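What's in final32.cif: mmCIF, C-alpha atoms
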data_target
loop_
_atom_site.group_PDB
_atom_site.id
_atom_site.type_symbol
_atom_site.label_atom_id
_atom_site.label_comp_id
_atom_site.auth_asym_id
_atom_site.auth_seq_id
_atom_site.Cartn_x
_atom_site.Cartn_y
_atom_site.Cartn_z
ATOM 1 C CA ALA H 1 -2.969 9.728 27.321
ATOM 2 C CA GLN H 2 -3.337 11.457 23.969
ATOM 3 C CA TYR H 3 -2.417 8.385 21.972
ATOM 4 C CA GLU H 4 -4.108 5.250 23.263
ATOM 5 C CA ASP H 5 -3.861 1.642 22.244
ATOM 6 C CA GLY H 6 -7.290 0.823 20.803
ATOM 7 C CA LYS H 7 -7.811 4.432 19.775
ATOM 8 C CA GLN H 8 -5.546 5.712 16.992
ATOM 9 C CA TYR H 9 -3.870 2.338 16.756
ATOM 10 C CA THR H 10 -4.066 -1.262 17.969
ATOM 11 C CA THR H 11 -1.206 -3.513 19.077
ATOM 12 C CA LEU H 12 -0.493 -6.880 17.510
ATOM 13 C CA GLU H 13 -1.009 -9.761 19.948
ATOM 14 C CA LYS H 14 1.666 -11.462 17.897
ATOM 15 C CA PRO H 15 4.551 -9.065 17.067
ATOM 16 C CA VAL H 16 6.302 -9.563 13.753
ATOM 17 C CA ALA H 17 10.088 -9.654 14.104
ATOM 18 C CA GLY H 18 12.317 -8.217 11.373
ATOM 19 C CA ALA H 19 9.305 -6.479 9.818
ATOM 20 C CA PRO H 20 9.772 -3.379 7.641
ATOM 21 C CA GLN H 21 9.676 -0.180 9.691
ATOM 22 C CA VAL H 22 6.626 1.284 7.955
ATOM 23 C CA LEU H 23 4.566 -1.294 6.076
ATOM 24 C CA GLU H 24 1.472 -0.359 4.092
ATOM 25 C CA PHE H 25 -0.949 -2.759 2.348
ATOM 26 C CA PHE H 26 -3.367 -1.904 -0.400
ATOM 27 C CA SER H 27 -5.326 -3.235 -3.377
ATOM 28 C CA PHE H 28 -6.161 -1.518 -6.651
ATOM 29 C CA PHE H 29 -9.709 -2.842 -6.047
ATOM 30 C CA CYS H 30 -9.895 -1.163 -2.648
ATOM 31 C CA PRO H 31 -12.118 1.944 -2.627
ATOM 32 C CA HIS H 32 -10.606 3.496 0.514
ATOM 33 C CA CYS H 33 -7.122 2.786 -0.926
ATOM 34 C CA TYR H 34 -8.026 4.830 -3.971
ATOM 35 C CA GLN H 35 -8.960 7.686 -1.637
ATOM 36 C CA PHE H 36 -5.700 7.163 0.359
ATOM 37 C CA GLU H 37 -3.676 7.478 -2.817
ATOM 38 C CA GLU H 38 -5.626 9.932 -4.985
ATOM 39 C CA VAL H 39 -7.277 12.309 -2.544
ATOM 40 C CA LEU H 40 -5.401 12.122 0.767
ATOM 41 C CA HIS H 41 -1.896 11.192 -0.393
ATOM 42 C CA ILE H 42 -1.350 9.384 2.907
ATOM 43 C CA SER H 43 1.858 7.598 1.875
ATOM 44 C CA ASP H 44 3.393 10.846 0.820
ATOM 45 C CA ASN H 45 2.323 12.779 3.891
ATOM 46 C CA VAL H 46 3.569 10.039 6.222
ATOM 47 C CA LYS H 47 6.949 10.216 4.486
ATOM 48 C CA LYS H 48 7.109 13.996 4.947
ATOM 49 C CA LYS H 49 6.865 13.514 8.717
ATOM 50 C CA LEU H 50 8.920 10.389 9.183
ATOM 51 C CA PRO H 51 12.391 10.686 10.767
ATOM 52 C CA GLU H 52 15.566 10.249 8.840
ATOM 53 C CA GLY H 53 16.703 6.689 8.229
ATOM 54 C CA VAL H 54 13.228 5.130 8.257
ATOM 55 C CA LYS H 55 12.088 3.433 5.066
ATOM 56 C CA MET H 56 8.614 2.966 3.730
ATOM 57 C CA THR H 57 7.366 -0.276 2.157
ATOM 58 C CA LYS H 58 4.122 -0.741 0.234
ATOM 59 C CA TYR H 59 2.646 -4.093 -0.754
ATOM 60 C CA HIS H 60 -0.381 -5.195 -2.813
ATOM 61 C CA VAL H 61 -2.672 -8.001 -1.614
ATOM 62 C CA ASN H 62 -4.531 -10.889 -3.334
ATOM 63 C CA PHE H 63 -7.743 -11.233 -1.319
ATOM 64 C CA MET H 64 -9.679 -8.720 -3.495
ATOM 65 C CA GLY H 65 -10.633 -9.042 -7.156
ATOM 66 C CA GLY H 66 -9.958 -12.752 -7.564
ATOM 67 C CA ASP H 67 -7.852 -13.693 -10.624
ATOM 68 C CA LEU H 68 -7.200 -10.083 -11.561
ATOM 69 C CA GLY H 69 -6.306 -9.311 -7.926
ATOM 70 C CA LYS H 70 -3.445 -11.803 -8.125
ATOM 71 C CA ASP H 71 -2.326 -10.408 -11.522
ATOM 72 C CA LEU H 72 -2.192 -7.007 -9.909
ATOM 73 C CA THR H 73 0.051 -8.265 -7.099
ATOM 74 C CA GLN H 74 2.455 -9.652 -9.679
ATOM 75 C CA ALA H 75 2.301 -6.293 -11.558
ATOM 76 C CA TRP H 76 3.046 -4.371 -8.392
ATOM 77 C CA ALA H 77 6.029 -6.738 -8.011
ATOM 78 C CA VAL H 78 7.081 -5.667 -11.537
ATOM 79 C CA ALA H 79 6.561 -1.995 -10.682
ATOM 80 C CA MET H 80 8.743 -2.443 -7.575
ATOM 81 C CA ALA H 81 11.520 -4.299 -9.414
ATOM 82 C CA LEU H 82 11.650 -1.674 -12.189
ATOM 83 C CA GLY H 83 11.216 1.223 -9.746
ATOM 84 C CA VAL H 84 8.205 2.593 -11.610
ATOM 85 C CA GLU H 85 5.631 2.696 -8.762
ATOM 86 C CA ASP H 86 5.111 6.437 -9.176
ATOM 87 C CA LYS H 87 4.299 6.083 -12.859
ATOM 88 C CA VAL H 88 1.696 3.345 -12.669
ATOM 89 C CA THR H 89 -0.082 3.736 -9.339
ATOM 90 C CA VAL H 90 -2.524 6.314 -10.602
ATOM 91 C CA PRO H 91 -3.385 4.733 -13.980
ATOM 92 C CA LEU H 92 -3.858 1.376 -12.270
ATOM 93 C CA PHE H 93 -6.265 2.784 -9.684
ATOM 94 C CA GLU H 94 -8.190 4.653 -12.361
ATOM 95 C CA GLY H 95 -8.176 1.781 -14.837
ATOM 96 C CA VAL H 96 -9.683 -0.522 -12.178
ATOM 97 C CA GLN H 97 -12.098 1.790 -10.321
ATOM 98 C CA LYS H 98 -12.749 4.869 -12.510
ATOM 99 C CA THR H 99 -12.732 3.964 -16.210
ATOM 100 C CA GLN H 100 -13.016 0.169 -15.744
ATOM 101 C CA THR H 101 -10.693 -0.491 -18.626
ATOM 102 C CA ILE H 102 -8.623 -3.043 -16.732
ATOM 103 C CA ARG H 103 -10.028 -6.562 -17.131
ATOM 104 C CA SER H 104 -7.095 -8.777 -17.901
ATOM 105 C CA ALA H 105 -3.348 -9.030 -17.448
ATOM 106 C CA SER H 106 -2.967 -7.567 -20.936
ATOM 107 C CA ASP H 107 -4.880 -4.447 -19.873
ATOM 108 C CA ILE H 108 -2.580 -4.138 -16.828
ATOM 109 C CA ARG H 109 0.351 -4.502 -19.225
ATOM 110 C CA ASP H 110 -1.037 -1.632 -21.422
ATOM 111 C CA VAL H 111 -0.796 0.706 -18.444
ATOM 112 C CA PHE H 112 2.945 0.011 -18.140
ATOM 113 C CA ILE H 113 3.482 0.418 -21.944
ATOM 114 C CA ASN H 114 1.630 3.717 -21.975
ATOM 115 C CA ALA H 115 3.698 4.765 -18.976
ATOM 116 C CA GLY H 116 6.698 4.182 -21.181
ATOM 117 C CA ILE H 117 8.100 0.928 -19.824
ATOM 118 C CA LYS H 118 9.133 -1.151 -22.833
ATOM 119 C CA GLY H 119 7.187 -4.290 -23.777
ATOM 120 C CA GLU H 120 10.230 -6.497 -23.723
ATOM 121 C CA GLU H 121 11.331 -4.976 -20.411
ATOM 122 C CA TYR H 122 7.901 -5.542 -18.888
ATOM 123 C CA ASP H 123 7.517 -9.127 -20.098
ATOM 124 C CA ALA H 124 11.040 -10.082 -18.967
ATOM 125 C CA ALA H 125 10.312 -8.575 -15.514
ATOM 126 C CA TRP H 126 6.818 -10.159 -15.443
ATOM 127 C CA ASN H 127 8.375 -13.606 -15.961
ATOM 128 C CA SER H 128 11.556 -13.090 -13.898
ATOM 129 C CA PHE H 129 12.263 -15.009 -10.677
ATOM 130 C CA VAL H 130 13.237 -11.748 -8.992
ATOM 131 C CA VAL H 131 9.557 -10.833 -9.434
ATOM 132 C CA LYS H 132 8.453 -14.263 -8.130
ATOM 133 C CA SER H 133 10.234 -13.663 -4.807
ATOM 134 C CA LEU H 134 8.830 -10.124 -4.665
ATOM 135 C CA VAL H 135 5.335 -11.663 -4.986
ATOM 136 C CA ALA H 136 6.421 -14.094 -2.245
ATOM 137 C CA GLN H 137 7.528 -11.200 -0.038
ATOM 138 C CA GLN H 138 4.200 -9.398 -0.489
ATOM 139 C CA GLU H 139 2.221 -12.519 0.358
ATOM 140 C CA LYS H 140 4.411 -13.421 3.354
ATOM 141 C CA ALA H 141 4.245 -9.938 4.907
ATOM 142 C CA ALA H 142 0.441 -10.107 4.547
ATOM 143 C CA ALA H 143 0.409 -13.580 6.127
ATOM 144 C CA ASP H 144 2.648 -12.508 9.077
ATOM 145 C CA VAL H 145 0.050 -9.986 10.417
ATOM 146 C CA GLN H 146 -3.113 -11.963 9.662
ATOM 147 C CA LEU H 147 -4.281 -9.399 7.130
ATOM 148 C CA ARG H 148 -7.969 -9.516 6.153
ATOM 149 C CA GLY H 149 -8.474 -5.832 5.337
ATOM 150 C CA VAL H 150 -6.985 -2.865 3.453
ATOM 151 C CA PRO H 151 -5.857 -0.089 3.515
ATOM 152 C CA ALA H 152 -3.609 -1.058 6.369
ATOM 153 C CA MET H 153 -0.426 0.286 7.852
ATOM 154 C CA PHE H 154 1.885 -1.400 10.356
ATOM 155 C CA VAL H 155 4.758 0.218 12.230
ATOM 156 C CA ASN H 156 7.755 -2.010 13.144
ATOM 157 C CA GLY H 157 5.605 -5.087 13.006
ATOM 158 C CA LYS H 158 3.729 -4.372 16.202
ATOM 159 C CA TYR H 159 1.420 -1.376 15.739
ATOM 160 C CA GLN H 160 -1.487 -1.129 13.313
ATOM 161 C CA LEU H 161 -2.956 2.240 12.359
ATOM 162 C CA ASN H 162 -6.621 2.540 13.257
ATOM 163 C CA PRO H 163 -8.060 5.308 11.073
ATOM 164 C CA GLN H 164 -11.646 4.703 12.226
ATOM 165 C CA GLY H 165 -10.644 6.359 15.518
ATOM 166 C CA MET H 166 -9.734 9.742 13.911
ATOM 167 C CA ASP H 167 -12.044 12.640 12.862
ATOM 168 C CA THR H 168 -13.130 12.731 9.191
ATOM 169 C CA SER H 169 -14.842 16.137 9.008
ATOM 170 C CA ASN H 170 -11.712 17.565 7.475
ATOM 171 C CA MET H 171 -9.632 15.522 5.039
ATOM 172 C CA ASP H 172 -6.518 17.563 5.822
ATOM 173 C CA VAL H 173 -6.828 17.179 9.572
ATOM 174 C CA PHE H 174 -7.384 13.454 9.107
ATOM 175 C CA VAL H 175 -4.165 13.046 7.140
ATOM 176 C CA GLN H 176 -1.995 14.987 9.623
ATOM 177 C CA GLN H 177 -3.442 13.048 12.509
ATOM 178 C CA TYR H 178 -2.772 9.888 10.589
ATOM 179 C CA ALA H 179 0.759 10.975 9.808
ATOM 180 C CA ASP H 180 1.517 12.252 13.327
ATOM 181 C CA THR H 181 0.265 8.945 14.675
ATOM 182 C CA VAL H 182 2.729 7.041 12.502
ATOM 183 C CA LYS H 183 5.541 9.341 13.659
ATOM 184 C CA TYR H 184 4.529 8.777 17.303
ATOM 185 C CA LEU H 185 4.531 5.000 16.827
ATOM 186 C CA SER H 186 7.798 5.273 14.942
ATOM 187 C CA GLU H 187 9.443 6.811 18.022
ATOM 188 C CA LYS H 188 7.843 4.308 20.368
#
For this file, produce the structure as structure tokens.
Amino acid sequence: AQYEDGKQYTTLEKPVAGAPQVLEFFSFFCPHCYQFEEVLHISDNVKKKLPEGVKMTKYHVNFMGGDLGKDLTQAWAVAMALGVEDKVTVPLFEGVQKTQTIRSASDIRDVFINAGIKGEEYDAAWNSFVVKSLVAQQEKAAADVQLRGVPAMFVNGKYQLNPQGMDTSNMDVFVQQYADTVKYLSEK
């Protein structure tokens, strides 16, 4: 076949019912994730090829960066609750991996302030129980698929993208193959 289990994807031995259609995991500490966001724009290019009616979910994980890793998962929860993902993703990646100016929750907070979210609004979100369950959702989804590495994408809780089995000579070709694979699995 052209798309083979074990080649461009793997199949979960333990399918996850009720899972989001397209589920992506990342960490602001994750060097390939930085690439995926900054250079390849994977999430965006997957969306451009996905069908109508399919929604895209992205969650942060704890298992990188210790204490600050967990802070970041709560901050992504805040970003999701306030709908400001597209305004903080890049400064968070760069603050953690490029400039190294993010070392504490307060530094994470500065990114949101500079992005124009109000202090009060941020702190209320940060401490809200709606954010606590969003943290819970992120952790649970990661638990349900036995996640020990990122970046990771899952389609309908039973297929996992396998980017190592795609050619990386050409960034652009890699992305389209990646995206086309998701679309394929989507229709499966």
Between CA of residue 33 in chain H and CA of residue 179 in chain H - distance in Å to one decimal: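 CA of residue 33 in chain H lies 15.6 Å from CA of residue 179 in chain H.
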Applied to this file, what does the PyMOL selection byres ((chain H and resi 157) around 9) return in terms of residues, put as a list in words?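 So the PyMOL selection byres ((chain H and resi 157) around 9) ends up selecting residues 12, 14, 15, 16, 17, 18, 19, 20, 21, 22, 23, 144, 145, 154, 155, 156, 158, 159 and 160 of chain H.
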With C-alpha atoms retained, export the selected residues as a PDB file, keeping the file's coordinate frame.
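What follows is the written file part_5.pdb:
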ATOM      1  CA  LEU H  12      -0.493  -6.880  17.510  1.00  0.00           C
ATOM      2  CA  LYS H  14       1.666 -11.462  17.897  1.00  0.00           C
ATOM      3  CA  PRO H  15       4.551  -9.065  17.067  1.00  0.00           C
ATOM      4  CA  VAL H  16       6.302  -9.563  13.753  1.00  0.00           C
ATOM      5  CA  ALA H  17      10.088  -9.654  14.104  1.00  0.00           C
ATOM      6  CA  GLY H  18      12.317  -8.217  11.373  1.00  0.00           C
ATOM      7  CA  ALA H  19       9.305  -6.479   9.818  1.00  0.00           C
ATOM      8  CA  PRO H  20       9.772  -3.379   7.641  1.00  0.00           C
ATOM      9  CA  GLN H  21       9.676  -0.180   9.691  1.00  0.00           C
ATOM     10  CA  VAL H  22       6.626   1.284   7.955  1.00  0.00           C
ATOM     11  CA  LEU H  23       4.566  -1.294   6.076  1.00  0.00           C
ATOM     12  CA  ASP H 144       2.648 -12.508   9.077  1.00  0.00           C
ATOM     13  CA  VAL H 145       0.050  -9.986  10.417  1.00  0.00           C
ATOM     14  CA  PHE H 154       1.885  -1.400  10.356  1.00  0.00           C
ATOM     15  CA  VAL H 155       4.758   0.218  12.230  1.00  0.00           C
ATOM     16  CA  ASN H 156       7.755  -2.010  13.144  1.00  0.00           C
ATOM     17  CA  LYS H 158       3.729  -4.372  16.202  1.00  0.00           C
ATOM     18  CA  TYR H 159       1.420  -1.376  15.739  1.00  0.00           C
ATOM     19  CA  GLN H 160      -1.487  -1.129  13.313  1.00  0.00           C
TER      20      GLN H 160
END
Run the PyMOL selection byres ((chain H and resi 177) around 12) mentally over the shown coordinates, then write out the matched residues as a ChimeraX atom specification, using the chain letters and numbers from the document. /H:2-3,8-9,40,42,45-46,49,161-168,170-176,178-184
Store the residues of this selection in a file with C-alpha atoms, as an mmCIF file, in the coordinates of the input.
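This is the output file again_25.cif:
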data_model
loop_
_atom_site.group_PDB
_atom_site.id
_atom_site.type_symbol
_atom_site.label_atom_id
_atom_site.label_comp_id
_atom_site.auth_asym_id
_atom_site.auth_seq_id
_atom_site.Cartn_x
_atom_site.Cartn_y
_atom_site.Cartn_z
ATOM 1 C CA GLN H 2 -3.337 11.457 23.969
ATOM 2 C CA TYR H 3 -2.417 8.385 21.972
ATOM 3 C CA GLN H 8 -5.546 5.712 16.992
ATOM 4 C CA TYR H 9 -3.870 2.338 16.756
ATOM 5 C CA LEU H 40 -5.401 12.122 0.767
ATOM 6 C CA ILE H 42 -1.350 9.384 2.907
ATOM 7 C CA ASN H 45 2.323 12.779 3.891
ATOM 8 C CA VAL H 46 3.569 10.039 6.222
ATOM 9 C CA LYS H 49 6.865 13.514 8.717
ATOM 10 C CA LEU H 161 -2.956 2.240 12.359
ATOM 11 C CA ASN H 162 -6.621 2.540 13.257
ATOM 12 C CA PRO H 163 -8.060 5.308 11.073
ATOM 13 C CA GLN H 164 -11.646 4.703 12.226
ATOM 14 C CA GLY H 165 -10.644 6.359 15.518
ATOM 15 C CA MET H 166 -9.734 9.742 13.911
ATOM 16 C CA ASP H 167 -12.044 12.640 12.862
ATOM 17 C CA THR H 168 -13.130 12.731 9.191
ATOM 18 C CA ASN H 170 -11.712 17.565 7.475
ATOM 19 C CA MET H 171 -9.632 15.522 5.039
ATOM 20 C CA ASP H 172 -6.518 17.563 5.822
ATOM 21 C CA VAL H 173 -6.828 17.179 9.572
ATOM 22 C CA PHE H 174 -7.384 13.454 9.107
ATOM 23 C CA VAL H 175 -4.165 13.046 7.140
ATOM 24 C CA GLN H 176 -1.995 14.987 9.623
ATOM 25 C CA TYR H 178 -2.772 9.888 10.589
ATOM 26 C CA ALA H 179 0.759 10.975 9.808
ATOM 27 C CA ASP H 180 1.517 12.252 13.327
ATOM 28 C CA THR H 181 0.265 8.945 14.675
ATOM 29 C CA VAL H 182 2.729 7.041 12.502
ATOM 30 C CA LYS H 183 5.541 9.341 13.659
ATOM 31 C CA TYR H 184 4.529 8.777 17.303
#
The PyMOL selection byres ((chain H and resi 64-78) around 6) applied to the shown file, residues as an mmCIF file with C-alpha atoms, in the frame of the given file:
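selection11.cif was written with the following content:
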data_model
loop_
_atom_site.group_PDB
_atom_site.id
_atom_site.type_symbol
_atom_site.label_atom_id
_atom_site.label_comp_id
_atom_site.auth_asym_id
_atom_site.auth_seq_id
_atom_site.Cartn_x
_atom_site.Cartn_y
_atom_site.Cartn_z
ATOM 1 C CA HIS H 60 -0.381 -5.195 -2.813
ATOM 2 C CA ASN H 62 -4.531 -10.889 -3.334
ATOM 3 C CA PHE H 63 -7.743 -11.233 -1.319
ATOM 4 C CA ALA H 79 6.561 -1.995 -10.682
ATOM 5 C CA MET H 80 8.743 -2.443 -7.575
ATOM 6 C CA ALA H 81 11.520 -4.299 -9.414
ATOM 7 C CA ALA H 125 10.312 -8.575 -15.514
ATOM 8 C CA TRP H 126 6.818 -10.159 -15.443
ATOM 9 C CA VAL H 131 9.557 -10.833 -9.434
ATOM 10 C CA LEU H 134 8.830 -10.124 -4.665
ATOM 11 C CA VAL H 135 5.335 -11.663 -4.986
#
Using all atoms listed in the file, collect all residues at a distance of at most 9 Å from (-9.4, -1.9, -5.6) as written in the file, then present them as a compact mmCIF listing (two decimals) with C-alpha atoms, in the coordinates of the input.
# COMPACT_ATOMS: atom_id res chain seq x y z
CA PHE H 26 -3.37 -1.90 -0.40
CA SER H 27 -5.33 -3.24 -3.38
CA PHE H 28 -6.16 -1.52 -6.65
CA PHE H 29 -9.71 -2.84 -6.05
CA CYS H 30 -9.90 -1.16 -2.65
CA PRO H 31 -12.12 1.94 -2.63
CA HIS H 32 -10.61 3.50 0.51
CA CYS H 33 -7.12 2.79 -0.93
CA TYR H 34 -8.03 4.83 -3.97
CA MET H 64 -9.68 -8.72 -3.50
CA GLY H 65 -10.63 -9.04 -7.16
CA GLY H 69 -6.31 -9.31 -7.93
CA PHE H 93 -6.26 2.78 -9.68
CA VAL H 96 -9.68 -0.52 -12.18
CA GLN H 97 -12.10 1.79 -10.32
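Relative to CA of residue 142 in chain H, CA of residue 38 in chain H is found at 23.0 Å.
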CA of residue 56 in chain H and CA of residue 109 in chain H are how many Å apart?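 If I compute the distance from CA of residue 56 in chain H to CA of residue 109 in chain H, I get 25.5 Å.
The nearest approach to residue 141 in chain H among the residues H:118, H:39, H:52, H:153, with all atoms listed in the file taken into account, belongs to H:153.
For the set H:117, H:50, H:105, H:61, the residue with the smallest atom-to-atom gap to residue 83 in chain H is H:117, counting all atoms listed in the file.
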Take every atom of range 73-76 of chain H listed in the file, fit an axis-aligned box around them, add 6 Å per side, and give the centre and edge lengths in Å to one decimal as JSON.
{"center_x": 1.5, "center_y": -7.0, "center_z": -9.3, "size_x": 15.0, "size_y": 17.3, "size_z": 16.5}
Selection near residue 91 in chain H, 12 Å with only C-alpha atoms, sequence-local residues under 4 positions removed, as a PyMOL selection string: chain H and resi 28+34+37-38+85-87+95-102+107-115
